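Participant: To be precise about what I am sending: the file is called coords.csv and holds CSV, C-alpha atoms and all ligand atoms.
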```csv
chain,number,residue,atom,x,y,z
A,1,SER,CA,0.9,-12.9,3.8
A,2,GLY,CA,-1.0,-10.1,2.0
A,3,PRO,CA,-0.2,-6.5,1.3
A,4,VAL,CA,1.5,-4.2,3.7
A,5,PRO,CA,-0.9,-1.6,5.1
A,6,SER,CA,-0.6,2.2,4.5
A,7,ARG,CA,-1.8,5.4,5.9
A,8,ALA,CA,-1.9,9.0,4.8
A,9,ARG,CA,1.0,11.1,6.2
A,10,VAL,CA,-1.3,14.1,6.7
A,11,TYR,CA,-4.9,14.6,7.8
A,12,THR,CA,-4.8,11.0,8.9
A,13,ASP,CA,-7.4,10.9,11.7
A,14,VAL,CA,-9.6,14.0,10.8
A,15,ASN,CA,-12.8,11.9,10.4
A,16,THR,CA,-12.5,9.8,13.5
A,17,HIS,CA,-12.6,13.1,15.5
A,18,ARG,CA,-15.7,14.3,13.7
A,19,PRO,CA,-19.3,13.8,14.7
A,20,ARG,CA,-20.6,10.7,13.1
A,21,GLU,CA,-23.0,12.6,10.8
A,22,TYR,CA,-20.1,14.4,9.1
A,23,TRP,CA,-18.9,11.3,7.3
A,24,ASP,CA,-21.9,8.9,7.8
A,25,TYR,CA,-23.4,10.0,4.5
A,26,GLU,CA,-25.9,7.2,4.4
A,27,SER,CA,-27.8,8.8,7.3
A,28,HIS,CA,-27.9,12.2,5.6
A,29,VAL,CA,-31.4,13.7,5.0
A,30,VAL,CA,-31.6,15.9,1.9
A,31,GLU,CA,-33.3,19.3,2.1
A,32,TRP,CA,-35.1,20.0,-1.2
A,33,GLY,CA,-35.8,23.1,-3.2
A,34,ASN,CA,-38.4,23.9,-5.8
A,35,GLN,CA,-37.5,22.3,-9.2
A,36,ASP,CA,-39.7,24.9,-11.0
A,37,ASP,CA,-37.2,27.6,-9.9
A,38,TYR,CA,-35.0,26.4,-12.7
A,39,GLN,CA,-35.5,26.1,-16.5
A,40,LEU,CA,-33.1,23.9,-18.5
A,41,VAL,CA,-31.5,25.7,-21.5
A,42,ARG,CA,-29.2,23.2,-23.2
A,43,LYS,CA,-27.6,19.9,-22.3
A,44,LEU,CA,-23.8,20.2,-21.7
A,45,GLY,CA,-22.9,16.5,-21.5
A,46,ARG,CA,-23.9,13.1,-20.4
A,47,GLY,CA,-21.9,10.5,-18.5
A,48,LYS,CA,-22.4,7.1,-16.8
A,49,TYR,CA,-23.8,8.8,-13.6
A,50,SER,CA,-25.4,12.1,-14.6
A,51,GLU,CA,-26.6,14.5,-17.3
A,52,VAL,CA,-25.5,18.1,-17.0
A,53,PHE,CA,-27.4,21.1,-18.3
A,54,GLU,CA,-27.0,24.9,-18.5
A,55,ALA,CA,-30.1,26.3,-16.8
A,56,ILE,CA,-31.5,29.6,-15.7
A,57,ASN,CA,-32.9,30.5,-12.2
A,58,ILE,CA,-36.2,31.9,-13.5
A,59,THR,CA,-36.7,33.9,-10.3
A,60,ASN,CA,-33.8,36.3,-10.9
A,61,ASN,CA,-32.5,35.5,-14.5
A,62,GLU,CA,-29.4,33.9,-13.0
A,63,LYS,CA,-27.3,31.4,-15.0
A,64,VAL,CA,-26.8,28.0,-13.2
A,65,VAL,CA,-25.7,24.5,-14.0
A,66,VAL,CA,-28.0,21.5,-13.2
A,67,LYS,CA,-26.6,18.0,-12.8
A,68,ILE,CA,-29.4,15.4,-13.0
A,69,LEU,CA,-28.1,12.3,-11.3
A,70,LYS,CA,-28.9,8.9,-12.8
A,71,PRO,CA,-30.6,6.3,-10.6
A,72,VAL,CA,-27.7,3.9,-10.7
A,73,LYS,CA,-26.1,4.0,-7.3
A,74,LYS,CA,-28.1,5.5,-4.5
A,75,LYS,CA,-25.5,5.7,-1.7
A,76,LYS,CA,-23.2,7.2,-4.2
A,77,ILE,CA,-25.8,10.0,-4.5
A,78,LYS,CA,-25.9,10.8,-0.8
A,79,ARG,CA,-22.1,10.6,-0.8
A,80,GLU,CA,-21.7,13.4,-3.4
A,81,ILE,CA,-24.3,15.6,-1.8
A,82,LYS,CA,-22.8,15.3,1.7
A,83,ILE,CA,-19.3,15.9,0.4
A,84,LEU,CA,-20.5,19.0,-1.6
A,85,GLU,CA,-22.2,20.4,1.5
A,86,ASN,CA,-19.2,19.6,3.7
A,87,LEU,CA,-16.8,21.4,1.4
A,88,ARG,CA,-19.1,24.4,0.4
A,89,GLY,CA,-17.4,27.7,0.7
A,90,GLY,CA,-13.9,26.2,0.5
A,91,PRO,CA,-11.3,27.8,-1.9
A,92,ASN,CA,-12.1,27.0,-5.5
A,93,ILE,CA,-14.6,24.3,-4.6
A,94,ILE,CA,-17.7,24.4,-6.8
A,95,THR,CA,-20.6,25.8,-4.8
A,96,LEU,CA,-23.7,23.6,-4.5
A,97,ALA,CA,-26.5,26.2,-4.6
A,98,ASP,CA,-29.6,24.0,-4.5
A,99,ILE,CA,-30.9,20.4,-4.6
A,100,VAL,CA,-34.2,19.6,-6.3
A,101,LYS,CA,-36.1,16.5,-7.4
A,102,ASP,CA,-36.1,16.3,-11.1
A,103,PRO,CA,-39.7,15.5,-12.2
A,104,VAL,CA,-38.7,13.3,-15.2
A,105,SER,CA,-35.9,11.2,-13.8
A,106,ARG,CA,-37.4,11.3,-10.2
A,107,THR,CA,-33.8,11.6,-9.0
A,108,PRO,CA,-31.9,14.4,-7.3
A,109,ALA,CA,-30.8,17.3,-9.5
A,110,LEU,CA,-27.8,19.3,-8.2
A,111,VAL,CA,-27.8,23.1,-8.9
A,112,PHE,CA,-24.3,24.7,-9.1
A,113,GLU,CA,-22.9,28.1,-9.7
A,114,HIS,CA,-22.1,28.8,-13.3
A,115,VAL,CA,-18.6,29.1,-14.7
A,116,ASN,CA,-17.8,30.5,-18.1
A,117,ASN,CA,-15.5,27.5,-19.0
A,118,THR,CA,-13.5,27.0,-22.1
A,119,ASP,CA,-12.7,23.4,-23.1
A,120,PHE,CA,-9.3,22.4,-21.9
A,121,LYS,CA,-8.3,21.1,-25.3
A,122,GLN,CA,-8.6,24.7,-26.6
A,123,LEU,CA,-7.4,26.4,-23.4
A,124,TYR,CA,-4.3,24.4,-22.6
A,125,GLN,CA,-2.8,25.3,-26.0
A,126,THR,CA,-3.0,29.0,-25.0
A,127,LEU,CA,-1.6,28.9,-21.4
A,128,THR,CA,1.7,30.8,-20.7
A,129,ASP,CA,4.2,29.6,-18.2
A,130,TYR,CA,2.9,32.1,-15.7
A,131,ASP,CA,-0.7,30.9,-16.3
A,132,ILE,CA,0.2,27.2,-15.7
A,133,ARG,CA,1.8,28.1,-12.4
A,134,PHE,CA,-1.2,30.4,-11.4
A,135,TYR,CA,-3.8,27.8,-12.2
A,136,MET,CA,-1.8,25.0,-10.6
A,137,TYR,CA,-1.7,27.0,-7.4
A,138,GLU,CA,-5.5,27.5,-7.5
A,139,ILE,CA,-6.1,23.7,-8.0
A,140,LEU,CA,-3.8,23.1,-5.0
A,141,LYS,CA,-5.9,25.4,-2.8
A,142,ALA,CA,-8.9,23.2,-3.6
A,143,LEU,CA,-7.0,19.9,-3.0
A,144,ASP,CA,-5.5,20.9,0.3
A,145,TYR,CA,-8.9,22.1,1.4
A,146,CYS,CA,-10.7,18.9,0.7
A,147,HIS,CA,-7.9,16.8,2.0
A,148,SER,CA,-7.8,18.8,5.2
A,149,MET,CA,-11.6,18.1,5.4
A,150,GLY,CA,-10.9,14.3,5.2
A,151,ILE,CA,-12.0,13.9,1.6
A,152,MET,CA,-10.2,12.7,-1.5
A,153,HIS,CA,-11.5,13.7,-4.9
A,154,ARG,CA,-10.4,10.6,-6.9
A,155,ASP,CA,-11.2,12.1,-10.3
A,156,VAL,CA,-8.7,14.9,-10.8
A,157,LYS,CA,-8.4,15.6,-14.6
A,158,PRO,CA,-8.6,18.6,-16.9
A,159,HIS,CA,-12.3,17.9,-17.7
A,160,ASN,CA,-13.1,18.3,-14.0
A,161,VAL,CA,-11.4,21.8,-13.6
A,162,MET,CA,-13.7,24.6,-14.9
A,163,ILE,CA,-11.7,27.7,-15.8
A,164,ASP,CA,-13.1,31.1,-16.8
A,165,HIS,CA,-9.9,32.4,-18.3
A,166,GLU,CA,-11.3,35.9,-19.1
A,167,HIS,CA,-11.7,36.3,-15.3
A,168,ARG,CA,-9.0,34.0,-14.1
A,169,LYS,CA,-11.5,31.9,-12.1
A,170,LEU,CA,-11.2,28.2,-11.4
A,171,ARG,CA,-13.5,25.6,-9.8
A,172,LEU,CA,-12.9,21.9,-9.1
A,173,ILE,CA,-16.0,20.0,-10.1
A,174,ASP,CA,-17.5,16.5,-10.4
A,175,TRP,CA,-17.3,15.2,-6.9
A,176,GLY,CA,-19.2,12.0,-7.9
A,177,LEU,CA,-16.2,9.8,-7.1
A,178,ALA,CA,-15.0,11.6,-4.0
A,179,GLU,CA,-14.8,9.7,-0.8
A,180,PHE,CA,-14.1,10.2,2.9
A,181,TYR,CA,-10.6,9.0,4.0
A,182,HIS,CA,-10.6,6.6,6.9
A,183,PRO,CA,-7.2,5.1,7.8
A,184,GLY,CA,-6.9,1.4,7.2
A,185,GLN,CA,-9.8,1.4,4.8
A,186,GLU,CA,-9.6,-0.5,1.6
A,187,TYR,CA,-11.1,1.4,-1.3
A,188,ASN,CA,-12.3,0.6,-4.8
A,189,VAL,CA,-9.5,1.0,-7.3
A,190,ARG,CA,-11.9,1.7,-10.2
A,191,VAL,CA,-11.7,5.4,-9.7
A,192,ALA,CA,-10.2,8.3,-11.7
A,193,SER,CA,-9.9,8.4,-15.5
A,194,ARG,CA,-7.3,6.0,-17.1
A,195,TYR,CA,-4.7,8.6,-18.0
A,196,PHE,CA,-4.8,10.0,-14.4
A,197,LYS,CA,-4.9,6.8,-12.4
A,198,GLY,CA,-2.2,6.5,-9.9
A,199,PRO,CA,0.1,3.4,-9.8
A,200,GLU,CA,-1.6,2.3,-6.7
A,201,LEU,CA,-4.8,1.8,-8.6
A,202,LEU,CA,-3.1,0.2,-11.5
A,203,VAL,CA,-1.3,-2.4,-9.3
A,204,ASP,CA,-4.6,-3.0,-7.4
A,205,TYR,CA,-3.4,-1.6,-4.0
A,206,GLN,CA,-6.6,-0.7,-2.2
A,207,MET,CA,-5.4,1.1,1.0
A,208,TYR,CA,-4.7,4.4,-0.8
A,209,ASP,CA,-5.3,8.0,0.4
A,210,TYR,CA,-5.3,11.7,-0.6
A,211,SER,CA,-1.9,11.2,-2.4
A,212,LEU,CA,-3.8,9.7,-5.3
A,213,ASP,CA,-5.0,13.2,-6.2
A,214,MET,CA,-1.4,14.4,-6.3
A,215,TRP,CA,-0.4,11.8,-8.9
A,216,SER,CA,-3.4,12.9,-11.0
A,217,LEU,CA,-2.3,16.5,-10.6
A,218,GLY,CA,1.2,15.6,-11.7
A,219,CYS,CA,-0.2,14.0,-14.8
A,220,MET,CA,-2.0,17.3,-15.6
A,221,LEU,CA,1.2,19.3,-14.9
A,222,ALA,CA,3.2,17.1,-17.2
A,223,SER,CA,0.6,17.5,-20.0
A,224,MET,CA,0.7,21.3,-19.7
A,225,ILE,CA,4.4,22.0,-19.5
A,226,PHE,CA,5.3,19.4,-22.2
A,227,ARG,CA,2.3,20.2,-24.4
A,228,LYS,CA,1.3,16.5,-24.6
A,229,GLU,CA,-2.2,15.6,-23.7
A,230,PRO,CA,-2.5,13.1,-22.1
A,231,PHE,CA,1.1,12.6,-21.0
A,232,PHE,CA,0.7,8.9,-20.2
A,233,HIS,CA,-1.4,7.7,-23.0
A,234,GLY,CA,-2.3,4.1,-22.2
A,235,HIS,CA,-4.7,2.1,-24.4
A,236,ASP,CA,-6.1,0.2,-21.4
A,237,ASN,CA,-5.4,0.0,-17.7
A,238,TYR,CA,-2.6,-2.5,-18.1
A,239,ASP,CA,-0.8,-0.5,-20.9
A,240,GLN,CA,-1.3,2.6,-18.7
A,241,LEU,CA,1.1,1.2,-16.2
A,242,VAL,CA,3.5,0.2,-19.0
A,243,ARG,CA,3.4,3.8,-20.3
A,244,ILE,CA,4.3,5.1,-16.8
A,245,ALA,CA,7.1,2.5,-16.5
A,246,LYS,CA,8.6,3.6,-19.8
A,247,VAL,CA,9.2,7.0,-18.1
A,248,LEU,CA,9.8,6.3,-14.4
A,249,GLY,CA,11.5,3.0,-15.0
A,250,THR,CA,10.7,-0.5,-13.9
A,251,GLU,CA,13.3,-0.7,-11.1
A,252,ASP,CA,11.5,1.9,-9.0
A,253,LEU,CA,8.2,0.2,-9.9
A,254,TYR,CA,9.4,-3.1,-8.5
A,255,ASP,CA,10.8,-1.4,-5.4
A,256,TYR,CA,7.3,0.1,-4.9
A,257,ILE,CA,5.4,-3.2,-5.1
A,258,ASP,CA,8.1,-4.9,-3.0
A,259,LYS,CA,7.7,-2.3,-0.3
A,260,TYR,CA,4.0,-3.0,0.0
A,261,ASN,CA,4.3,-6.7,-0.7
A,262,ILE,CA,2.1,-6.3,-3.7
A,263,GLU,CA,2.1,-9.0,-6.5
A,264,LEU,CA,1.6,-7.7,-10.0
A,265,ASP,CA,-1.1,-9.2,-12.2
A,266,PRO,CA,0.8,-11.9,-14.1
A,267,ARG,CA,-0.5,-10.5,-17.3
A,268,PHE,CA,2.2,-7.8,-16.9
A,269,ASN,CA,4.9,-10.6,-17.4
A,270,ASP,CA,4.7,-10.3,-21.2
A,271,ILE,CA,4.2,-6.6,-21.6
A,272,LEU,CA,6.1,-4.7,-18.8
A,273,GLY,CA,9.7,-5.3,-20.0
A,274,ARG,CA,12.7,-3.6,-18.4
A,275,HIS,CA,12.9,0.2,-18.6
A,276,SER,CA,15.4,2.8,-17.3
A,277,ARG,CA,14.1,6.0,-15.7
A,278,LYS,CA,14.2,8.8,-18.3
A,279,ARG,CA,15.4,12.3,-17.5
A,280,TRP,CA,12.7,14.9,-17.9
A,281,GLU,CA,14.7,16.7,-20.5
A,282,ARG,CA,13.9,13.9,-23.0
A,283,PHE,CA,10.4,15.5,-23.2
A,284,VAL,CA,11.6,19.1,-23.8
A,285,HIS,CA,11.6,20.4,-27.4
A,286,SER,CA,11.4,23.7,-29.2
A,287,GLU,CA,7.6,23.8,-28.9
A,288,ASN,CA,7.4,23.5,-25.1
A,289,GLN,CA,10.8,24.8,-23.8
A,290,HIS,CA,9.3,28.1,-22.8
A,291,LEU,CA,7.0,26.2,-20.4
A,292,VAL,CA,9.8,24.2,-18.8
A,293,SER,CA,12.1,25.5,-16.0
A,294,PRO,CA,14.3,23.7,-13.5
A,295,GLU,CA,11.6,24.5,-10.9
A,296,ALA,CA,8.9,22.9,-12.9
A,297,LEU,CA,10.8,19.7,-13.4
A,298,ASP,CA,11.7,19.5,-9.7
A,299,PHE,CA,8.1,20.0,-8.8
A,300,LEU,CA,6.9,17.4,-11.3
A,301,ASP,CA,9.4,14.9,-10.2
A,302,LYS,CA,8.1,15.2,-6.6
A,303,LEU,CA,4.6,14.5,-7.7
A,304,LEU,CA,5.1,11.7,-10.2
A,305,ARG,CA,6.5,9.1,-7.8
A,306,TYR,CA,5.3,5.5,-7.7
A,307,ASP,CA,5.3,5.4,-3.9
A,308,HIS,CA,2.2,7.3,-2.9
A,309,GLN,CA,3.7,8.0,0.5
A,310,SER,CA,6.7,9.8,-1.1
A,311,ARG,CA,4.6,12.3,-3.1
A,312,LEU,CA,4.4,16.0,-2.1
A,313,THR,CA,1.2,16.7,-0.2
A,314,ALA,CA,-1.0,19.6,-1.5
A,315,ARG,CA,0.3,21.8,1.3
A,316,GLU,CA,4.0,20.9,0.6
A,317,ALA,CA,3.4,21.5,-3.1
A,318,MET,CA,2.2,25.1,-2.4
A,319,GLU,CA,5.6,25.7,-0.7
A,320,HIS,CA,7.5,24.8,-3.8
A,321,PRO,CA,9.8,27.3,-5.6
A,322,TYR,CA,7.8,26.8,-8.8
A,323,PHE,CA,5.2,29.1,-7.2
A,324,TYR,CA,7.6,31.8,-6.0
A,325,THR,CA,6.9,33.9,-9.1
A,326,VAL,CA,3.1,33.7,-8.7
A,327,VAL,CA,1.4,36.7,-7.1
A,328,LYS,CA,-1.1,35.4,-4.5
A,329,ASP,CA,-4.4,36.7,-3.1
A,401,LIG,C1,-19.5,26.6,-23.1
A,401,LIG,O1,-19.6,25.2,-22.7
A,401,LIG,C2,-19.7,25.1,-21.3
A,401,LIG,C3,-19.7,26.2,-20.5
A,401,LIG,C4,-19.8,26.0,-19.1
A,401,LIG,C5,-19.9,24.7,-18.6
A,401,LIG,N1,-20.0,24.6,-17.3
A,401,LIG,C6,-20.0,23.4,-16.7
A,401,LIG,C7,-20.1,23.4,-15.3
A,401,LIG,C8,-20.1,24.5,-14.5
A,401,LIG,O2,-20.1,25.8,-15.0
A,401,LIG,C9,-20.2,24.4,-13.1
A,401,LIG,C10,-20.2,23.1,-12.6
A,401,LIG,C11,-20.2,22.0,-13.4
A,401,LIG,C12,-20.1,22.2,-14.7
A,401,LIG,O3,-20.1,21.0,-15.3
A,401,LIG,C13,-20.2,20.1,-14.4
A,401,LIG,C14,-20.2,18.8,-14.6
A,401,LIG,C15,-20.2,17.9,-13.4
A,401,LIG,CL1,-20.2,16.3,-13.6
A,401,LIG,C16,-20.2,18.6,-12.2
A,401,LIG,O4,-20.3,17.8,-11.1
A,401,LIG,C17,-20.3,19.9,-12.1
A,401,LIG,CL2,-20.3,20.6,-10.4
A,401,LIG,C18,-20.2,20.7,-13.2
A,401,LIG,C19,-19.8,23.6,-19.4
A,401,LIG,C20,-19.7,23.8,-20.8
```
What would the structure in this file look like if it were written as structure tokens?

Facilitator:
Amino acid sequence: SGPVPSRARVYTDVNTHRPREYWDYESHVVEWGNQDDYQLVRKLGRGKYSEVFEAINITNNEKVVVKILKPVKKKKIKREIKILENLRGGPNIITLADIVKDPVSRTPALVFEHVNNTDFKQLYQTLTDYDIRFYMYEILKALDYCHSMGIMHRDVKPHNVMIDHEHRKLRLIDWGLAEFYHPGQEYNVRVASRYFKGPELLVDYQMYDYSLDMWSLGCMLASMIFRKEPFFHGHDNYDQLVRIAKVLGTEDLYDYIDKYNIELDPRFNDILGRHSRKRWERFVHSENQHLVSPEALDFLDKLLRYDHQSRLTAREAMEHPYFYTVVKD
């Protein structure tokens, strides 16, 4: 009775071999800077958990980004800080430069390196086939790094990938939903943005792992090579799974939930239907064919699999022939 357990197939026990303080973020003691070192310039955005500003370090005229955390969840605050410090210096991980106490909100304000980002809505319309492969490889470097450090991002999406296209620089940002992977642990399924939620989240399977990020990455790849953003455009979390099933088919979906002894929410009875798997060539047309190759479709197919245990890992993905044409380092 109940779901079948699952474990990551890589980096499974990295945290249990760590000192407790590495992953015990509740015990972390924050070292504070001087908030008056930074002057806010303009607000860049606001979400449920933070407000983000362009700012200047007034001690050396340096551009920085300041993320003022909202006082909603406090252990979520220590979690993000500890993860950012643990991952600092890793390939294409945003660098946390300082932590100050904002005088107005009385909450932590995170100071990050600045990236000359262009909005993905404008940038993805300009990317060549080579650019897509290049930036995909850069994202994979960041994902393999954090996974190898025992951390899943859980909010991979174009909005959380800052790209300075003039300088071909990429940073993975917003670690507010990131979590330490502990084998056998049941996690909250209310993570990631709707269009990038893995099937495991949508069927309410809690014992997921780093492979969630690889589904989200596959969703990004599909939107880039097919020029369709987002690729799976659900109107809610239930319709999101139906949209996936209209592409991947319902037979493999039922095989997936049967393998883990998962029972679908009965509200899917009236909306899921019966769908064959579609060949990826259905989504190729004159406006995206220059972005599609046999290698791209083979890669995408190995990311967008219902069974989280069957997806390519970040390291395996970097070995894929899709990246043979990319000059590295
Ligand atoms: C011209 O319009 C723009 C130019 C740059 C621009 N840069 C945002 C930016 C950054 O350069 C580094 C880190 C973050 C940024 O936004 C974030 C949000 C969250 Cl939530 C977060 O955790 C992090 Cl680390 C960052 C945003 C708009």

Participant: Residues of chain A within 9 Å of ligand LIG 401 (chain A): nearest atom pair and distance (Å, one decimal) for each, counting only C-alpha atoms and all ligand atoms, sorted by chain and number, as CSV?

Facilitator:
```
residue,atom,partner,partner_atom,distance
A:43,CA,A:LIG401,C20,8.9
A:44,CA,A:LIG401,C20,5.5
A:45,CA,A:LIG401,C14,7.8
A:46,CA,A:LIG401,CL1,8.4
A:47,CA,A:LIG401,CL1,7.8
A:49,CA,A:LIG401,CL1,8.3
A:50,CA,A:LIG401,CL1,6.8
A:51,CA,A:LIG401,CL1,7.6
A:52,CA,A:LIG401,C14,5.9
A:53,CA,A:LIG401,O3,7.9
A:54,CA,A:LIG401,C5,7.1
A:64,CA,A:LIG401,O2,7.3
A:65,CA,A:LIG401,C9,5.6
A:66,CA,A:LIG401,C11,7.8
A:67,CA,A:LIG401,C15,6.4
A:80,CA,A:LIG401,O4,9.0
A:84,CA,A:LIG401,CL2,8.9
A:93,CA,A:LIG401,CL2,8.9
A:94,CA,A:LIG401,CL2,5.8
A:95,CA,A:LIG401,CL2,7.6
A:96,CA,A:LIG401,CL2,7.4
A:110,CA,A:LIG401,CL2,7.9
A:111,CA,A:LIG401,CL2,8.0
A:112,CA,A:LIG401,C10,5.6
A:113,CA,A:LIG401,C9,5.7
A:114,CA,A:LIG401,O2,4.0
A:115,CA,A:LIG401,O2,3.6
A:116,CA,A:LIG401,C4,5.0
A:117,CA,A:LIG401,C4,4.6
A:118,CA,A:LIG401,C1,6.1
A:119,CA,A:LIG401,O1,7.1
A:159,CA,A:LIG401,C14,8.5
A:160,CA,A:LIG401,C15,7.1
A:161,CA,A:LIG401,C12,8.8
A:162,CA,A:LIG401,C8,6.4
A:163,CA,A:LIG401,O2,8.6
A:164,CA,A:LIG401,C4,8.7
A:171,CA,A:LIG401,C9,7.6
A:172,CA,A:LIG401,CL2,7.6
A:173,CA,A:LIG401,CL2,4.4
A:174,CA,A:LIG401,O4,3.2
A:175,CA,A:LIG401,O4,5.8
A:176,CA,A:LIG401,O4,6.7
```

Participant: So, counting all atoms listed in the file, which residue among A:300, A:225, A:146, A:109 is closest to residue A:124?

Facilitator: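 Using all atoms listed in the file, the shortest distance to residue A:124 belongs to A:225.
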
Participant: Do a neighbour search on stretch 261-269 of chain A at 12 Å with all atoms listed in the file, toss out local chain neighbours closer than 6 positions, and write the hits as a list in words.

Facilitator: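 Here the answer would be residues 1, 2, 3, 4, 5, 6, 199, 200, 201, 202, 203, 204, 205, 206, 207, 237, 238, 239, 240, 241, 242, 245, 250, 253, 254 and 255 of chain A.
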
Participant: What's the 8 Å shell around stretch 313-329 of chain A, counting all atoms listed in the file, without same-chain residues fewer than 2 positions away, as a PDB file with C-alpha atoms, in the coordinates of the input?

Facilitator:
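New file out_32.pdb:
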```pdb
ATOM      1  CA  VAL A  10      -1.300  14.100   6.700  1.00  0.00           C
ATOM      2  CA  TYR A 130       2.900  32.100 -15.700  1.00  0.00           C
ATOM      3  CA  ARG A 133       1.800  28.100 -12.400  1.00  0.00           C
ATOM      4  CA  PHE A 134      -1.200  30.400 -11.400  1.00  0.00           C
ATOM      5  CA  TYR A 137      -1.700  27.000  -7.400  1.00  0.00           C
ATOM      6  CA  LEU A 140      -3.800  23.100  -5.000  1.00  0.00           C
ATOM      7  CA  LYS A 141      -5.900  25.400  -2.800  1.00  0.00           C
ATOM      8  CA  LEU A 143      -7.000  19.900  -3.000  1.00  0.00           C
ATOM      9  CA  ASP A 144      -5.500  20.900   0.300  1.00  0.00           C
ATOM     10  CA  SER A 211      -1.900  11.200  -2.400  1.00  0.00           C
ATOM     11  CA  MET A 214      -1.400  14.400  -6.300  1.00  0.00           C
ATOM     12  CA  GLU A 295      11.600  24.500 -10.900  1.00  0.00           C
ATOM     13  CA  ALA A 296       8.900  22.900 -12.900  1.00  0.00           C
ATOM     14  CA  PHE A 299       8.100  20.000  -8.800  1.00  0.00           C
ATOM     15  CA  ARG A 311       4.600  12.300  -3.100  1.00  0.00           C
TER      16      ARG A 311
END
```

Participant: What is the distance between atom CA of residue A:212 and atom CA of residue A:152, in Å to one decimal?

Facilitator: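 Atom-to-atom, atom CA of residue A:212 to atom CA of residue A:152, that is 8.0 Å.
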
Participant: From the set A:28, A:88, A:106, A:63, which residue has the shortest atom-to-atom contact distance to residue A:42, counting only C-alpha atoms?

Facilitator: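 Among the listed residues, the smallest separation from residue A:42 belongs to A:63.
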
Participant: Please determine, counting only C-alpha atoms, which residue among A:13, A:32, A:302, A:21 has the shortest atom-to-atom distance to residue A:218.

Facilitator: A:302

Participant: Which residue is closest to residue A:149? Choose from A:104, A:72, A:222, A:87 and count all atoms listed in the file.

Facilitator: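 Residue with the minimum atom-to-atom distance to residue A:149: A:87.
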
Participant: Could you tell me which of A:297, A:257, A:248, A:136 comes closest to residue A:274 if we count all atoms listed in the file?

Facilitator: A:248

Participant: From the list A:256, A:135, A:23, A:11, which residue is nearest residue A:82 when using all atoms listed in the file?

Facilitator: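 Closest to residue A:82, using all atoms listed in the file: A:23.
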
Participant: Using Å and a single decimal, report how far atom CA of residue A:85 sits from atom CA of residue A:60.

Facilitator: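 Spanning atom CA of residue A:60 to atom CA of residue A:85 is a straight-line distance of 23.3 Å.
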
Participant: Measure the distance from atom CA of residue A:234 to atom CA of residue A:120 in Å and round it to one decimal.

Facilitator: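 Computing it gives 19.6 Å between the two atoms.
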
Participant: What would the list of residues within 7 Å of (-32.3, 26.0, -21.0) (file frame) look like as a PyMOL selection string, if all atoms listed in the file are what count?

Facilitator: chain A and resi 39-42+54-56

Participant: Identify the residues within 7 Å of coordinate (-10.6, 12.2, 2.1) (same frame as the file), considering only C-alpha atoms, and give the answer as number ranges by chain.

Facilitator: A: 146-147, 149-152, 179-181, 209-210
